[PDB]
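Notes for the one structure printed next.
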Amino acid sequence: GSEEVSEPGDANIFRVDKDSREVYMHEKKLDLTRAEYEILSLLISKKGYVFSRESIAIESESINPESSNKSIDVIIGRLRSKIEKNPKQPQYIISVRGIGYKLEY
């Protein structure tokens, strides 16, 4: 017996998977890309709050426009796509117009 070349890690309410490149919350599996993981990881580490274009641009930050109108659009689109294709779906995330999307701990 021996350990994998790509073991997962974790903190408090959430976990990182390095092999598939994903993030697991106590409620649900989420699975964009490393930067979107980094934001949602930080979001559960601080608090659910309202997850917003600016704050998103501050924590993922691999994106050229700091107003993040296309990052939030990709992030909402791909979050929806993963939770529509997989049977796992949200209940404590709520969409809030162009301001962002609300969550609580």
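Residue numbers start at 1 in each chain; chains themselves are named A, B, ... in the order of the structure tokens; ligands are numbered from 1 in the order shown.
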
Tell me which protein, DNA and RNA residues are within 9 Å of residue 69 of chain A, counting only C-alpha atoms, leaving out same-chain ones fewer than 5 positions away, and put them as a CSV table (one decimal) with C-alpha atoms, in the first residue's frame.
```csv
chain,number,residue,atom,x,y,z
A,53,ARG,CA,-18.2,41.1,-9.5
A,54,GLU,CA,-15.6,43.4,-7.7
A,74,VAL,CA,-18.5,32.8,-16.8
```

task: Taking the DSSP assignment computed from this structure's backbone, write out as a count of residues only all residues of chain A that belong to alpha helix (DSSP H).
output: 37

- request: From a DSSP pass on the backbone, collect the residues of chain A flagged as strand (DSSP E or B) and hand them back as a ChimeraX atom specification.
  value: /A:9-11,14-17,22-25,29-30,50-51,94-96,100-102

Keeping N, CA, C and O atoms, export the residues of the selection given above as a short mmCIF file (atom, residue, chain, number, x, y, z; two decimals), in the first residue's frame.
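That gives us out_30.cif:
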```
data_model
loop_
_atom_site.label_atom_id
_atom_site.label_comp_id
_atom_site.auth_asym_id
_atom_site.auth_seq_id
_atom_site.Cartn_x
_atom_site.Cartn_y
_atom_site.Cartn_z
N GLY A 9 -6.86 18.14 -0.04
CA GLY A 9 -6.70 18.89 1.22
C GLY A 9 -8.02 19.52 1.66
O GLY A 9 -9.01 19.47 0.94
N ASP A 10 -8.05 20.16 2.83
CA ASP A 10 -9.28 20.73 3.40
C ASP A 10 -9.05 21.81 4.47
O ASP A 10 -7.96 21.94 5.03
N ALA A 11 -10.13 22.55 4.76
CA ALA A 11 -10.21 23.54 5.84
C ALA A 11 -11.67 23.73 6.30
O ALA A 11 -12.53 24.16 5.52
N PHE A 14 -15.06 23.27 4.08
CA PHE A 14 -14.79 23.03 2.66
C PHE A 14 -13.49 22.24 2.43
O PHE A 14 -12.60 22.17 3.28
N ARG A 15 -13.39 21.60 1.25
CA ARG A 15 -12.29 20.71 0.85
C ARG A 15 -11.83 21.06 -0.57
O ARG A 15 -12.67 21.44 -1.38
N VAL A 16 -10.55 20.89 -0.88
CA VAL A 16 -10.00 20.97 -2.25
C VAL A 16 -9.62 19.58 -2.77
O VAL A 16 -8.95 18.82 -2.08
N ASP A 17 -10.03 19.27 -4.01
CA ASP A 17 -9.57 18.10 -4.76
C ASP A 17 -8.61 18.52 -5.88
O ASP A 17 -8.99 19.26 -6.79
N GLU A 22 -11.18 20.73 -8.15
CA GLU A 22 -12.55 21.02 -7.69
C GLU A 22 -12.59 21.44 -6.20
O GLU A 22 -11.59 21.28 -5.50
N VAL A 23 -13.73 21.95 -5.71
CA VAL A 23 -13.93 22.35 -4.29
C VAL A 23 -15.26 21.81 -3.73
O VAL A 23 -16.32 22.01 -4.32
N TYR A 24 -15.22 21.11 -2.60
CA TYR A 24 -16.40 20.47 -2.00
C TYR A 24 -16.79 21.22 -0.72
O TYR A 24 -16.01 21.28 0.22
N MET A 25 -17.99 21.80 -0.68
CA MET A 25 -18.60 22.39 0.51
C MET A 25 -19.37 21.32 1.29
O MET A 25 -19.87 20.37 0.70
N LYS A 29 -20.89 19.69 -3.93
CA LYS A 29 -19.69 19.68 -4.79
C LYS A 29 -19.75 20.79 -5.86
O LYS A 29 -20.78 20.97 -6.51
N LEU A 30 -18.65 21.54 -6.01
CA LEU A 30 -18.48 22.67 -6.94
C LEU A 30 -17.13 22.55 -7.66
O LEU A 30 -16.15 22.07 -7.11
N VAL A 50 -22.74 38.56 0.11
CA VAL A 50 -23.10 38.65 -1.31
C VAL A 50 -21.82 38.59 -2.14
O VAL A 50 -20.94 39.43 -2.02
N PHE A 51 -21.73 37.54 -2.96
CA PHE A 51 -20.59 37.19 -3.80
C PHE A 51 -20.70 38.01 -5.10
O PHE A 51 -21.62 37.82 -5.89
N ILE A 94 -28.63 32.21 -3.32
CA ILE A 94 -29.70 32.98 -3.99
C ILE A 94 -29.11 34.01 -4.97
O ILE A 94 -28.18 34.74 -4.61
N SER A 95 -29.62 34.14 -6.19
CA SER A 95 -29.19 35.13 -7.17
C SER A 95 -29.76 36.53 -6.87
O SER A 95 -30.95 36.67 -6.57
N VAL A 96 -28.93 37.57 -6.96
CA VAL A 96 -29.27 38.98 -6.63
C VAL A 96 -28.91 39.90 -7.80
O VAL A 96 -27.89 40.61 -7.78
N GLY A 100 -24.87 40.56 -7.45
CA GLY A 100 -24.15 39.29 -7.29
C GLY A 100 -25.05 38.14 -6.87
O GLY A 100 -26.18 38.01 -7.37
N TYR A 101 -24.57 37.29 -5.97
CA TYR A 101 -25.31 36.13 -5.48
C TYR A 101 -25.02 35.85 -3.99
O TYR A 101 -23.88 35.70 -3.56
N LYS A 102 -26.09 35.86 -3.20
CA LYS A 102 -26.08 35.77 -1.74
C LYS A 102 -25.91 34.32 -1.26
O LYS A 102 -26.48 33.40 -1.84
#
```

- prompt: What does the distance from atom CA of residue 88 of chain A to atom CA of residue 72 of chain A come to in Å, to one decimal?
  reply: 21.1 Å

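Considering the residues A:64, A:52, A:81, A:6 and counting only C-alpha atoms, residue 31 of chain A has its shortest atom-to-atom contact with A:81.
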
message: Residues near residue 89 of chain A, anyone? I mean within 12 Å using only C-alpha atoms, not counting same-chain ones fewer than 2 positions away, as a PyMOL selection string.
response: chain A and resi 25+27-30+79-87+91-94

I want to know what sits within 8 Å of residue 60 of chain A, based on only C-alpha atoms, with residues of the same chain fewer than 3 positions away left out; could you give that as an mmCIF file with N, CA and C atoms, in the first residue's frame?
```
data_model
loop_
_atom_site.group_PDB
_atom_site.id
_atom_site.type_symbol
_atom_site.label_atom_id
_atom_site.label_comp_id
_atom_site.auth_asym_id
_atom_site.auth_seq_id
_atom_site.Cartn_x
_atom_site.Cartn_y
_atom_site.Cartn_z
ATOM 1 N N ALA A 35 -8.916 29.293 -10.056
ATOM 2 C CA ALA A 35 -9.224 30.655 -9.625
ATOM 3 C C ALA A 35 -10.629 30.757 -9.002
ATOM 4 N N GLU A 36 -11.648 30.107 -9.580
ATOM 5 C CA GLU A 36 -13.019 30.140 -9.095
ATOM 6 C C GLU A 36 -13.154 29.370 -7.776
ATOM 7 N N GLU A 38 -10.480 29.256 -5.757
ATOM 8 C CA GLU A 38 -9.824 30.180 -4.825
ATOM 9 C C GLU A 38 -10.823 31.184 -4.235
ATOM 10 N N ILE A 39 -11.702 31.759 -5.068
ATOM 11 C CA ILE A 39 -12.727 32.704 -4.576
ATOM 12 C C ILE A 39 -13.707 32.025 -3.629
ATOM 13 N N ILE A 56 -15.135 39.218 -6.328
ATOM 14 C CA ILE A 56 -14.716 38.136 -7.241
ATOM 15 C C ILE A 56 -13.405 38.466 -7.971
ATOM 16 N N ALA A 57 -13.308 39.659 -8.558
ATOM 17 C CA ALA A 57 -12.113 40.186 -9.213
ATOM 18 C C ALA A 57 -10.948 40.347 -8.235
ATOM 19 N N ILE A 63 -8.242 37.672 -14.268
ATOM 20 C CA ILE A 63 -9.087 38.323 -15.282
ATOM 21 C C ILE A 63 -8.601 39.760 -15.550
#
```

message: Taking only C-alpha atoms into account, name the residue in A:26, A:62, A:75, A:99 that is nearest to residue 44 of chain A.
response: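 Ranking A:26, A:62, A:75, A:99 by distance to residue 44 of chain A, first place goes to A:26.
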
message: Quick one: residues within 9 Å of residue 7 of chain A, only C-alpha atoms, excluding same-chain residues fewer than 2 positions away - as a ChimeraX atom specification?
response: /A:3-5,9,17-19

Keeping only C-alpha atoms, take the residues you just selected and write them out as a short mmCIF file (atom, residue, chain, number, x, y, z; two decimals), in the first residue's frame.
```cif
data_model
loop_
_atom_site.label_atom_id
_atom_site.label_comp_id
_atom_site.auth_asym_id
_atom_site.auth_seq_id
_atom_site.Cartn_x
_atom_site.Cartn_y
_atom_site.Cartn_z
CA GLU A 3 -0.37 7.23 -1.12
CA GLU A 4 -1.56 8.98 -4.34
CA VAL A 5 0.58 11.56 -6.32
CA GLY A 9 -6.70 18.89 1.22
CA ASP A 17 -9.57 18.10 -4.76
CA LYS A 18 -6.29 18.48 -6.74
CA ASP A 19 -6.81 15.60 -9.28
#
```

- prompt: Please, what distance in Å, to one decimal, runs between atom CA of residue 45 of chain A and atom CA of residue 68 of chain A?
  reply: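 Straight-line distance from atom CA of residue 45 of chain A to atom CA of residue 68 of chain A works out to 21.6 Å.
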
Of the listed residues A:13, A:32, A:103, A:42, that which approaches residue 71 of chain A most closely, counting only C-alpha atoms: A:32
